[PDB]
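**Q** What follows is a structure written as structure tokens; I'll ask about it next.
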Amino acid sequence: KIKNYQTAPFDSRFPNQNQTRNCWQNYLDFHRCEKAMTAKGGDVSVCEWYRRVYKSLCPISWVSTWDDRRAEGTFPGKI
Amino acid sequence: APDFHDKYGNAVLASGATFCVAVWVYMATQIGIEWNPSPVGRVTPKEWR
Amino acid sequence: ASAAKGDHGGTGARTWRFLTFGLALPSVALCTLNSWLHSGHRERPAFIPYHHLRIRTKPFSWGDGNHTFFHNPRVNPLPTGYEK
Amino acid sequence: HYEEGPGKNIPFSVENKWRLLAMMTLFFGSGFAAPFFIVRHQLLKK
Amino acid sequence: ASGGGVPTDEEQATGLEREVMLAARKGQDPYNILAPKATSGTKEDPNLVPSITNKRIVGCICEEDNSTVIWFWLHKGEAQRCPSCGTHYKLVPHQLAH
Amino acid sequence: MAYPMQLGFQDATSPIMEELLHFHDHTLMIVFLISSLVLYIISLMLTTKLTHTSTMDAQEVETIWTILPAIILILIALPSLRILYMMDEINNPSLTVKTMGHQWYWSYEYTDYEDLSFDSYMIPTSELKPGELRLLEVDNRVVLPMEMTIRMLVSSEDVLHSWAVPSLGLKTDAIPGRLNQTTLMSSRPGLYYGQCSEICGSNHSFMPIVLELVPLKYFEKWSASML
Amino acid sequence: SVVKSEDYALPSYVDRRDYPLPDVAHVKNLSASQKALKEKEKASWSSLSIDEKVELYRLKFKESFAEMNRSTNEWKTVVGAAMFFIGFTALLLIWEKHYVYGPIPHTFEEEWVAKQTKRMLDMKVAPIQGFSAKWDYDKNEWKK
Amino acid sequence: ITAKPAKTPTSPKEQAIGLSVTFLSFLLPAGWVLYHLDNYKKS
Amino acid sequence: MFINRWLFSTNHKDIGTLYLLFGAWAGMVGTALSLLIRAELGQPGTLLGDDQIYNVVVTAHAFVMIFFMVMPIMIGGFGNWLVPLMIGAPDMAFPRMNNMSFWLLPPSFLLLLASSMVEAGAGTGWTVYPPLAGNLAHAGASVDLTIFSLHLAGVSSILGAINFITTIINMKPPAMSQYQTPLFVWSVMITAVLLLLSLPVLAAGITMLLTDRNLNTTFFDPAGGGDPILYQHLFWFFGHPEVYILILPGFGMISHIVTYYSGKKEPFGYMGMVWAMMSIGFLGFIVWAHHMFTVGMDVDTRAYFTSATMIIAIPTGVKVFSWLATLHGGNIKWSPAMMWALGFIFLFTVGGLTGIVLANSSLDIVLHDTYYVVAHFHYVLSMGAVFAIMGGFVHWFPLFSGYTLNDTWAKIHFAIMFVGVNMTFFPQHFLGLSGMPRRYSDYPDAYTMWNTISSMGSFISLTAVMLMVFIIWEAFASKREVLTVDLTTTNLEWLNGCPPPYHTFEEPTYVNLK
Amino acid sequence: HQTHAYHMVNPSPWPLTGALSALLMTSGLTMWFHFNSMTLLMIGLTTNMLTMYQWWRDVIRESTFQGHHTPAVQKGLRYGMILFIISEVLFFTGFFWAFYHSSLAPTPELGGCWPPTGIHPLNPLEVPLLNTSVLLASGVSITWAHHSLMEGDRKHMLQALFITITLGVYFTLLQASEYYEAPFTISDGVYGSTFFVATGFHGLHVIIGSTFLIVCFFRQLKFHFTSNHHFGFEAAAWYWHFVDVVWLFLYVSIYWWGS
Amino acid sequence: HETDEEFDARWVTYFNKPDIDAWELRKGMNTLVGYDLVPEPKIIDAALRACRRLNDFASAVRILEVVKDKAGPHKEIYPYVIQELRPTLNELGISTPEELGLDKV
Amino acid sequence: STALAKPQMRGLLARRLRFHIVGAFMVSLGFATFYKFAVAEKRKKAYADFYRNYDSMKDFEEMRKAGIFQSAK
Amino acid sequence: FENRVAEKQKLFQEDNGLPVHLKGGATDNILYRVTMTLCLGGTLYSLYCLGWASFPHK
Ligand code: HEA
Ligand code: HEA
Ligand SMILES: CCCCC/C=C\C/C=C\C/C=C\C/C=C\CCCC(=O)O[C@H](COC(=O)CCCCCCCCCCCCCCCCC)COP(=O)(O)OCCN
Ligand SMILES: CCCCCC/C=C\CCCCCCCCCC(=O)O[C@H](COC(=O)CCCCCCCCCCCCCCC)COP(=O)(O)OC[C@@H](O)CO
Ligand SMILES: CCCCCCCCCCO[C@@H]1O[C@H](CO)[C@@H](O[C@H]2O[C@H](CO)[C@@H](O)[C@H](O)[C@H]2O)[C@H](O)[C@H]1O
Ligand code: CUA
Ligand SMILES: [Cu+2]
Ligand SMILES: [Mg+2]
Ligand code: NA
Ligand code: NA
Ligand SMILES: [Zn+2]
């Protein structure tokens, strides 16, 4: 729909200096979407926007820790 | 009757001022203190690369 | 509100005794029955080694360092799970 | 009772000025010295 | 719903507490709980200042609601005047078992 | 960077820092004026043998003493808050860069497109090359495109730090578990320095920040070469 | 006469230009001749001699206004002593530099500073006012 | 304030002694530590 | 007798004297720590070691100067000596609990000394922020000893506050309303209210830090859902009131000193001074996040804390102008205590105005955690609290001791200190504007000149401190006994003579109501 | 001889033994936390109890036995107790602040939700409701005790005070049982931290308040109180109502709203 | 408030009270010099005659000193006031501080 | 001889204060004009002049040729 | 129980010069000595523990 992605756009849900929840929300939305799409046999390519946003915003170590915990079964957010 | 200040005030003022100036000038100029003043108008720039 | 009771006239021990035995202790007895009724152990949930729980940044100053102060083996897992 | 009056309402003696000087030297001198000797202690450790 | 058994102050207060209680019943104030009411404070009608010794500090609030209090020793003898407003005070010494 | 014998702020590298300099000028004039007026009145009150020691009525002069300072405060607060809200307006960044504080160095992640990240350590004094600045140079600079709005996101992986660049008017604390955002825009190419600004242990004094601002095309090629 | 510590609750004498008539006389005990002078004071003051007037004054008061208000040389002592102890401070600083401080870093060496200064000009440190603004890049010299 | 003359006058010489002892009580112990810093560190 | 009098005291004057001796000894410790700071910074490079030993010294410097020098001297020392005398009371309300407030301080100080002796010290800043102060980055006993030192100092001052509030409300002459008590008494009452409300919150926060460090709580640890910034809120909810606690009794003494050496019977604008101290005390509880403008706070919150912080300048300016108006028309007596007070007025005003600069959160982005803040607060603390302490000490030393100081020596002492503290701190404004961080053991070379001058200034203040000890020795050595004191009609604390008897006001004052 | 009504207290060793007991308890906690040893702490706890015992013993001697508590002295003690309670309110306020800060903005580590993922809160309608009725009931019975005392009724004062203490003990035993049964612990993140530190300090204050009520019970048995002079009882009742109100805030905030 | 004339008249009346006592003389002068003014000659005249009725020569001299002091640096005021008082000074035999040498430091 | 004229005798302190508070104020307006002109205006003009014809690419090329950059030779 | 407050009032008001904390008799002295001995001995022990903890241990 809209490539030439440069970086994550301003998001009125998260307008202040603390962007922690912006990273978290896009991480959740990406993996929630990917679970939905790979369940119903659809295409994860529709989840790509959320993936781009959380990759731009989230520290590598947060993503890595959250990915490890998803694999371990200890991720405390709902997906 | 003249008190301590009438008798000694001039001497104390004169010697205190002279001593203070002499020892701060000496400390400031003679013992290797690096004041690091501005290079502006003082330092000739020199090739570094 | 005003409760729904309704006395006054001047102040007294007899009134506060009436409230102690007529309202306060009956309520304790009722809540004691309500409780001694929903009591009896509850089935413990699967252990999941969540990293925000079972925190250990320094051993506890008692026991083996790994048991909380009022550790209950039935419902308090260790960082490695329930005790066997 | 207790002693009253100048030099008597204090926990230290001012009856002799040189003994006083020694006591005041020890008193203020020990407080001023202590941080230097703690620094020394921390440097000598590691 | 009837019993006693709790002592009263009349029965059981002791020491200074009892002294104050008994003096208050008489309308007396040997321990200075109340503020004295001023007289007109002229030399003919000076404020009378009780004391158990030969001098007592007076504080003079010269006018109502002045925040500044004027303090001075009042001595046995002829009435003295507040050094700010001039109102007169005279010491009346006594013994204390008044 | 600062220079020897400097009295005031580093020259502004960003428009917001420009604004802060003029607001500081507006405010320091008031500081000087009030402090000098108090010193002078101290001298007016203290330089006469004339006396007047009876009770003085206060309420008229206390009106002056409250209303005039209230007006002065409003004269400071109005441009102050204007800058605050302007600093907060939406700006649309072209680039996001993260920095993570550590004991004792900074790491940087540029993950809009590729997995680019590296560590950035103070150059030790014994390894400075001639003309380099003691305690300020780093081994890997934060290269960035000039004349573009950049979102910096700041966090920490251990204790508190704080990521500062005085010539851009930047200081954002680095707090573990938190992602703080600031914006950066340099009017000029060059090298802009800062230092860790929250006490963080043994080498707090020795984990500096160096931004290297260059044209976009140089930044793109540098980025590709850092993969 | 002789003021005692045990008199603190009694009205006392003070010389203050804002309290010209103190609460007591400076001298309360009178010799035979001073008693006779106080009696003479009840008659016309025109019949008192100058010395008798002065003696009455000095019975009532300790110092005159001119005496109690006089200026002193104390400032010389204060300013001079303060400068002495400030001077003494520089002795401590000299001691510290000789015995406590080691060499400063090699970046203060004259050649290092010359090269650093050029590198600062090459990166246009503070080019609007603070540093490079003061360099003439056209004439290769510090602006006049 | 007014006061009595000193009951135990402290002459200029006595003041110089008191001042000197006081200053040495602050300076000597700190001076000894700072003089020997290198010994403590480079240890 | 000695043990009964000085270890078992129930006497407000002797306990005041104990606090003054304690605070003076702490002052020497805090001075030595401040000279180690300035020796480290007095030339470029490393003198002592890296930032750990350096910030152990900085941390202890602040705790000693605040909790063991200023608060004990102003509140325990001058408050205990003067408040009961100024209201004609026979002692404090709780004379025996008063003695425990005193004796909790040597153990508190011992815990702080122990902190710096064990492991590598608590190199945290006096703010003790986690995670640096947590059990991973500051493993071992030092930070827990600091926490416990603060607990004991906190209990001491909370009980002291209860004592002062009760004494001042309950033990005045029955005709004296609160609006007939002297300004220093007001200043102690307000300070005590601030202590009562703020210290329990500190106690909560540092107890949370203690359990995070030792009981596996995670109040401030994100891994458990905690937040380091919560600690900062709890700490500064106390810490801003704390700086007004440090200065309010100073304001009270300055009012008395300026009135007295102006030859006035009363300060200008008494009810405005009361209003101003109450307003400062109240506003002092709603401004704390001006210590957090760089933590990542929302813009509207920054706008509020900017504005609330500035408004404190209005009642504060009423007090400055009312001191000027007290001087106006005075028969000015240029005593050494008057000089301390005049220096206070000017230096406090300088530091207040740099506070106003900092209140602008947009400029504070650049100034925060730099030496501009250090300059702001040393103008209000080392040239405000310290100058009010020295003014009150030389003014009331004859009352406490019965002996006079040598006024020429005391003026010399003032002159040296005034030069020393301004050479120390004025250049730190330049260092802060040009970007030198706080809590640094070493600095980029450009900062050398101002750090050199600042360190030289600190040595001039050392010489003043050594001279102060000698001056006190000279007074007790010569034994010039006080005779008469002017203006007792409006300075009740002098009216029982110098020193006053052990028991005063055994017979209370007579005050009628009219 | 004084002619004011205030109490000049005899020189006393208990301020010093109390201060030293604070040094021993804090250095003792340090030794326990870091040097595996309880010795200093047990000495400090012992000297603290001895100090409190003798200090408050002496206050009873000075008042009931020596008559030094004039109305003016009593009025000072009333202010002192109110101010002390105010400081304790502000102490709990810090823990309530921590609780709301963490629960109103739950971080990602928790699951970004409150209660955190993996936390199973107690049912507020079970033993926590029972505890609420117990403390509220004890506020009624202590008011009965107060009115009986003012009406000169020794027997009903003792009966009502005994009931109040029994309820305080019941609350403490119930809370101890709930602590043991709770499936979460103090190490269970900020949920367990806020829960146990806030309710635990509250439980400590219930034990303190119950001990104070028991002191009043034995003084009453020894006839110390008159129908008009009984400030130790009033202070213990004020402290007891404070403990009740803190519980009500904990119940609403942590047990109910936070569940 | 009151005119200058009313102020002055009140103070003349104060010192002119025939049986004014020593305490009232001192209270009057010590209060008067607190104001932002040098007292008019007619006030000083009444105070000096009060001194005379109280047989107190020294206080009359002291009152002249304090007039001079209240003028501060305005050196023209005291010689004018002495000029205006000379008939009274001559009538009562009051010597000035200068005539007594009491202006010497 | 001639009599001395009557001088002003009342309100000398108030008159002195009035005169000097106005002079105090006049300083501040006179200072404010100086500080605005010597500092604040000078700064606005220095920034406006600097950027008026500023060529950022040219600045960059000078820096690049001087060798100062890691990313650009 | 019987009201024996009057007996205790006589005891604690006896004109014997004793401070209130010792006026109950020899048991007060014992309890005072136990308390002060534990405090002072405990404080010396705390200093020893500081000295031990101030140095690293193998
Ligand atoms: C006695 C101590 C004291 C006092 C009184 C003050 C008073 C003030 N302080 Fe200060 N402050 C500290 C001690 C004090 N401070 C300390 C220790 C710190 C740092 C803590 C740390 O980080 O360790 C600090 C930190 C600090 C900061 C944080 C800076 C940072 O960390 O980035 C700020 C910013 O808001 C600030 C502002 C002010 C203000 C506005 C006042 C005002 O209350 C001043 C008001 C007074 C005046 C303004 C002067 C007189 C007024 C007039 C003559 C009238 C005319 C004036 C006007 C019209 C403006 N202070
Ligand atoms: C009252 C508080 C107080 C006082 C008086 C001082 C006094 C001094 N301080 Fe202090 N300082 C702090 C509180 C204070 N400081 C605080 C809170 C910090 C921040 C800590 C942190 O960052 O965490 C700090 C930080 C600080 C720093 C910054 C450290 C850094 O960021 O790395 C520096 C550096 O120069 C400094 C230097 C000095 C010096 C040279 C003095 C000298 O002026 C000292 C001179 C001596 C005196 C002023 C006299 C001492 C008083 C007496 C001797 C009592 C006499 C007793 C009687 C008369 C009864 N201080
Ligand atoms: C029944 C209620 C009363 C509790 C009695 C238990 C002893 C504690 C004494 C009371 C102190 C209260 C607050 C102390 C903080 C922690 C205690 C919290 C209450 C409690 O008892 O929490 C228990 C943990 O105790 C633990 O860690 C034990 C830790 C024990 C040592 C605490 C040491 C810390 C003391 C710090 C005090 C500082 C005070 C400063 C005062 C301020 C000065 C102004 C919970 O047990 P759990 O096994 O984790 O979960 C139960 C699972 N089945
Ligand atoms: C267990 C781990 C360590 C914790 C230690 C705490 C342990 C328990 C302590 C329980 C408190 C017991 C208090 C007993 C006080 C008895 C003395 C008393 O009650 O004294 C009364 C005065 O009140 C007074 O001092 C009022 C005195 C105020 C007492 C305040 C008590 C609360 C103290 C709490 C300590 C807080 C700890 C907080 C920790 C966060 C005496 O006057 P009356 O009663 O009028 O009698 C006079 C009449 O007889 C005359 O007719
Ligand atoms: C920050 C506050 C302190 C700053 C200012 C201190 C001023 C110093 C005063 C003198 O201090 C002494 O200086 C000596 C040297 O002058 C040292 O002797 C050392 O040096 C001598 C000469 O090398 C030897 O004789 C000695 O044995 C050796 O201890 C000595 O130990 C030290 O006490
Ligand atoms: Cu990282 Cu300071
Ligand atoms: Cu603040
Ligand atoms: Mg910071
Ligand atoms: Na250094
Ligand atoms: Na009651
Ligand atoms: Zn009066």
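Residue names in the structure tokens use chain letters A, B, ... in the order shown, residue numbers from 1 in each chain, and ligand numbers from 1 in the order shown.
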Using only C-alpha atoms and all ligand atoms, which residues have at least one atom no more than 12 Å from ligand 9? Output them as a ChimeraX atom specification.
**A** /F:135,205-206 /G:101-105 /I:36-51,53-55,439-445,447-448,451-452,455
**Q** Contacts between chain F and chain J, please, where a residue of chain J counts if it comes within 12 Å (with only C-alpha atoms); show its shortest atom pair and distance in Å to one decimal, rows by chain and ascending number, as JSON lines.
**A**
```
{"residue": "J:106", "atom": "CA", "partner": "F:177", "partner_atom": "CA", "distance": 11.8}
{"residue": "J:107", "atom": "CA", "partner": "F:177", "partner_atom": "CA", "distance": 8.3}
{"residue": "J:108", "atom": "CA", "partner": "F:177", "partner_atom": "CA", "distance": 8.6}
{"residue": "J:109", "atom": "CA", "partner": "F:177", "partner_atom": "CA", "distance": 8.6}
{"residue": "J:110", "atom": "CA", "partner": "F:177", "partner_atom": "CA", "distance": 11.7}
```
**Q** Could the residues in this selection be saved with N, CA and C atoms as a compact mmCIF listing (two decimals), in the first residue's frame?
**A**
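As written to disk, part.txt reads:
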```txt
# COMPACT_ATOMS: atom_id res chain seq x y z
N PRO J 106 0.83 -0.26 33.92
CA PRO J 106 1.57 -1.54 34.04
C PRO J 106 2.53 -1.67 32.87
N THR J 107 3.78 -2.02 33.17
CA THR J 107 4.82 -2.04 32.15
C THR J 107 4.73 -3.31 31.29
N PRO J 108 5.50 -3.35 30.20
CA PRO J 108 5.42 -4.56 29.32
C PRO J 108 5.86 -5.83 30.03
N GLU J 109 6.80 -5.72 30.97
CA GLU J 109 7.25 -6.91 31.68
C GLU J 109 6.09 -7.63 32.38
N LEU J 110 5.06 -6.89 32.82
CA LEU J 110 3.91 -7.45 33.52
C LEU J 110 2.92 -8.07 32.55
```
**Q** Could you list the protein, DNA and RNA residues that have any atom within 9 Å of ligand 7, counting only C-alpha atoms and all ligand atoms, and write them as a list in words?
**A**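 With only C-alpha atoms and all ligand atoms and a cut-off of 9 Å, ligand 7 is contacted by residues 236, 237, 239, 240, 241, 242, 243, 244, 284, 287, 288, 289, 290, 291 and 309 of chain I.
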**Q** How would the residues just chosen look if you wrote them out with N, CA, C and O atoms as a PDB file, in the first residue's frame?
**A**
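Saved to again-v1.pdb:
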```
ATOM      1  N   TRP I 236      12.224  13.284  45.537  1.00  0.00           N
ATOM      2  CA  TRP I 236      12.113  14.737  45.407  1.00  0.00           C
ATOM      3  C   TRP I 236      10.832  15.273  46.039  1.00  0.00           C
ATOM      4  O   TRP I 236      10.801  16.453  46.433  1.00  0.00           O
ATOM      5  N   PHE I 237       9.808  14.439  46.223  1.00  0.00           N
ATOM      6  CA  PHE I 237       8.665  14.933  47.028  1.00  0.00           C
ATOM      7  C   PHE I 237       9.133  15.361  48.414  1.00  0.00           C
ATOM      8  O   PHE I 237       8.578  16.307  48.995  1.00  0.00           O
ATOM      9  N   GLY I 239      12.636  15.970  48.763  1.00  0.00           N
ATOM     10  CA  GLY I 239      13.841  16.769  48.603  1.00  0.00           C
ATOM     11  C   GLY I 239      13.580  18.225  48.275  1.00  0.00           C
ATOM     12  O   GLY I 239      14.353  19.097  48.677  1.00  0.00           O
ATOM     13  N   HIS I 240      12.493  18.544  47.556  1.00  0.00           N
ATOM     14  CA  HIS I 240      12.280  19.988  47.447  1.00  0.00           C
ATOM     15  C   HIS I 240      11.858  20.606  48.784  1.00  0.00           C
ATOM     16  O   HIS I 240      12.515  21.571  49.230  1.00  0.00           O
ATOM     17  N   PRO I 241      10.824  20.126  49.471  1.00  0.00           N
ATOM     18  CA  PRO I 241      10.604  20.680  50.836  1.00  0.00           C
ATOM     19  C   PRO I 241      11.885  20.753  51.668  1.00  0.00           C
ATOM     20  O   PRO I 241      12.072  21.707  52.433  1.00  0.00           O
ATOM     21  N   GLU I 242      12.772  19.738  51.555  1.00  0.00           N
ATOM     22  CA  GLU I 242      14.013  19.739  52.345  1.00  0.00           C
ATOM     23  C   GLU I 242      14.828  21.015  52.130  1.00  0.00           C
ATOM     24  O   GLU I 242      15.409  21.529  53.090  1.00  0.00           O
ATOM     25  N   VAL I 243      14.927  21.526  50.869  1.00  0.00           N
ATOM     26  CA  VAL I 243      15.765  22.721  50.751  1.00  0.00           C
ATOM     27  C   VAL I 243      15.076  23.906  51.400  1.00  0.00           C
ATOM     28  O   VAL I 243      15.765  24.796  51.923  1.00  0.00           O
ATOM     29  N   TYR I 244      13.726  23.934  51.432  1.00  0.00           N
ATOM     30  CA  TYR I 244      13.082  25.036  52.174  1.00  0.00           C
ATOM     31  C   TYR I 244      13.209  24.816  53.684  1.00  0.00           C
ATOM     32  O   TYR I 244      13.363  25.784  54.472  1.00  0.00           O
ATOM     33  N   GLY I 284       6.207  24.871  48.388  1.00  0.00           N
ATOM     34  CA  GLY I 284       7.346  23.966  48.366  1.00  0.00           C
ATOM     35  C   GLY I 284       6.978  22.483  48.235  1.00  0.00           C
ATOM     36  O   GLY I 284       7.847  21.678  47.924  1.00  0.00           O
ATOM     37  N   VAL I 287       6.071  21.382  43.676  1.00  0.00           N
ATOM     38  CA  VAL I 287       7.026  21.803  42.659  1.00  0.00           C
ATOM     39  C   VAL I 287       8.087  20.747  42.379  1.00  0.00           C
ATOM     40  O   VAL I 287       8.960  20.991  41.543  1.00  0.00           O
ATOM     41  N   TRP I 288       8.049  19.585  43.073  1.00  0.00           N
ATOM     42  CA  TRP I 288       9.231  18.695  43.156  1.00  0.00           C
ATOM     43  C   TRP I 288       9.727  18.240  41.771  1.00  0.00           C
ATOM     44  O   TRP I 288      10.920  18.006  41.608  1.00  0.00           O
ATOM     45  N   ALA I 289       8.861  18.121  40.772  1.00  0.00           N
ATOM     46  CA  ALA I 289       9.375  17.529  39.528  1.00  0.00           C
ATOM     47  C   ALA I 289      10.216  18.489  38.712  1.00  0.00           C
ATOM     48  O   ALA I 289      10.706  18.068  37.671  1.00  0.00           O
ATOM     49  N   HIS I 290      10.512  19.717  39.185  1.00  0.00           N
ATOM     50  CA  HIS I 290      11.571  20.493  38.519  1.00  0.00           C
ATOM     51  C   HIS I 290      12.947  19.855  38.657  1.00  0.00           C
ATOM     52  O   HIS I 290      13.919  20.311  38.007  1.00  0.00           O
ATOM     53  N   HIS I 291      13.049  18.771  39.426  1.00  0.00           N
ATOM     54  CA  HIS I 291      14.285  17.981  39.458  1.00  0.00           C
ATOM     55  C   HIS I 291      14.272  16.877  38.417  1.00  0.00           C
ATOM     56  O   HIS I 291      15.178  16.032  38.438  1.00  0.00           O
ATOM     57  N   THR I 309       6.959  26.385  40.092  1.00  0.00           N
ATOM     58  CA  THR I 309       8.281  26.666  40.644  1.00  0.00           C
ATOM     59  C   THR I 309       8.596  28.160  40.624  1.00  0.00           C
ATOM     60  O   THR I 309       9.167  28.693  41.582  1.00  0.00           O
TER      61      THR I 309
END
```
**Q** Name the residues in contact with region 92-101 of chain K at a cut-off of 9 Å, using only C-alpha atoms, excluding same-chain residues fewer than 6 positions from it; report them as a ChimeraX atom specification.
**A** /G:44-48,50-51,53-54,64 /K:48-49,52,57,60-62,64-65,82
**Q** Could the residues of chain F within 8 Å of chain L, counting only C-alpha atoms, be given as a tab-separated table (two decimals) with C-alpha atoms, in the first residue's frame, please?
**A**
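Output saved as out.tsv:
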```tsv
chain	number	residue	atom	x	y	z
F	22	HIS	CA	17.73	34.35	22.75
F	25	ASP	CA	19.52	36.51	26.83
F	26	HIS	CA	16.02	37.79	27.66
F	29	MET	CA	19.08	40.54	31.60
F	33	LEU	CA	18.84	43.83	36.70
F	37	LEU	CA	18.97	46.57	42.07
F	40	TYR	CA	22.25	49.01	45.05
F	44	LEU	CA	21.12	53.09	49.45
F	50	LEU	CA	19.47	59.84	58.78
F	51	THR	CA	17.16	57.60	60.79
F	52	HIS	CA	13.49	56.67	60.98
F	141	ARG	CA	30.94	8.35	15.82
F	143	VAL	CA	27.08	9.66	11.75
F	187	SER	CA	21.61	23.24	10.45
F	188	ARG	CA	25.24	22.46	9.66
F	189	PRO	CA	27.65	19.61	8.96
F	190	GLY	CA	30.41	18.95	11.47
F	212	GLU	CA	29.13	13.54	12.82
F	214	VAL	CA	27.18	15.01	6.82
F	215	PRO	CA	25.08	15.13	3.62
F	218	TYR	CA	27.49	10.28	2.61
F	219	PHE	CA	25.32	9.04	5.47
F	222	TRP	CA	28.53	5.12	5.55
```
**Q** Please identify every residue of chain G that has at least one atom no more than 10 Å from any atom of chain E, counting only C-alpha atoms, and report them as a PyMOL selection string.
**A** chain G and resi 8-11+23
**Q** Please produce an output containing N, CA, C and O atoms for each residue in the selection, written as a PDB file, in the first residue's frame.
**A**
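Produced file result.pdb, reproduced below:
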```
ATOM      1  N   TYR G   8      21.957  42.246  85.666  1.00  0.00           N
ATOM      2  CA  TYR G   8      21.438  42.231  84.301  1.00  0.00           C
ATOM      3  C   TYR G   8      19.952  42.570  84.259  1.00  0.00           C
ATOM      4  O   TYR G   8      19.465  43.041  83.232  1.00  0.00           O
ATOM      5  N   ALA G   9      19.206  42.340  85.343  1.00  0.00           N
ATOM      6  CA  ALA G   9      17.763  42.603  85.318  1.00  0.00           C
ATOM      7  C   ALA G   9      17.398  44.042  85.679  1.00  0.00           C
ATOM      8  O   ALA G   9      16.198  44.390  85.663  1.00  0.00           O
ATOM      9  N   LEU G  10      18.365  44.849  86.009  1.00  0.00           N
ATOM     10  CA  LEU G  10      18.126  46.232  86.399  1.00  0.00           C
ATOM     11  C   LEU G  10      18.288  47.167  85.212  1.00  0.00           C
ATOM     12  O   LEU G  10      19.077  46.887  84.296  1.00  0.00           O
ATOM     13  N   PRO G  11      17.579  48.296  85.204  1.00  0.00           N
ATOM     14  CA  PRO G  11      17.795  49.279  84.121  1.00  0.00           C
ATOM     15  C   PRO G  11      19.279  49.629  84.046  1.00  0.00           C
ATOM     16  O   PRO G  11      19.972  49.703  85.070  1.00  0.00           O
ATOM     17  N   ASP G  23      18.302  55.135  80.676  1.00  0.00           N
ATOM     18  CA  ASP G  23      17.391  54.860  81.796  1.00  0.00           C
ATOM     19  C   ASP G  23      17.973  55.242  83.159  1.00  0.00           C
ATOM     20  O   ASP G  23      17.220  55.440  84.125  1.00  0.00           O
TER      21      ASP G  23
END
```
**Q** Only residues of chain B matter here; which ones have an atom within 12 Å of chain F, counting only C-alpha atoms? Give them as number ranges by chain.
**A** B: 34-40, 45-49
**Q** Just write the chosen residues, C-alpha atoms, as an mmCIF file, in the first residue's frame.
**A**
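So selection12.cif came out as:
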```
data_model
loop_
_atom_site.group_PDB
_atom_site.id
_atom_site.type_symbol
_atom_site.label_atom_id
_atom_site.label_comp_id
_atom_site.auth_asym_id
_atom_site.auth_seq_id
_atom_site.Cartn_x
_atom_site.Cartn_y
_atom_site.Cartn_z
ATOM 1 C CA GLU B 34 48.417 25.557 33.384
ATOM 2 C CA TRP B 35 45.691 28.185 33.195
ATOM 3 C CA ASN B 36 44.751 27.051 29.659
ATOM 4 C CA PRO B 37 43.748 30.502 28.317
ATOM 5 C CA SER B 38 41.974 30.887 24.989
ATOM 6 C CA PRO B 39 44.111 30.219 21.888
ATOM 7 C CA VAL B 40 42.439 33.178 20.193
ATOM 8 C CA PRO B 45 47.383 26.820 14.399
ATOM 9 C CA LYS B 46 49.544 23.930 13.168
ATOM 10 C CA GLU B 47 48.876 21.053 10.758
ATOM 11 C CA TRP B 48 47.454 18.064 12.603
ATOM 12 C CA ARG B 49 46.398 15.558 9.975
#
```
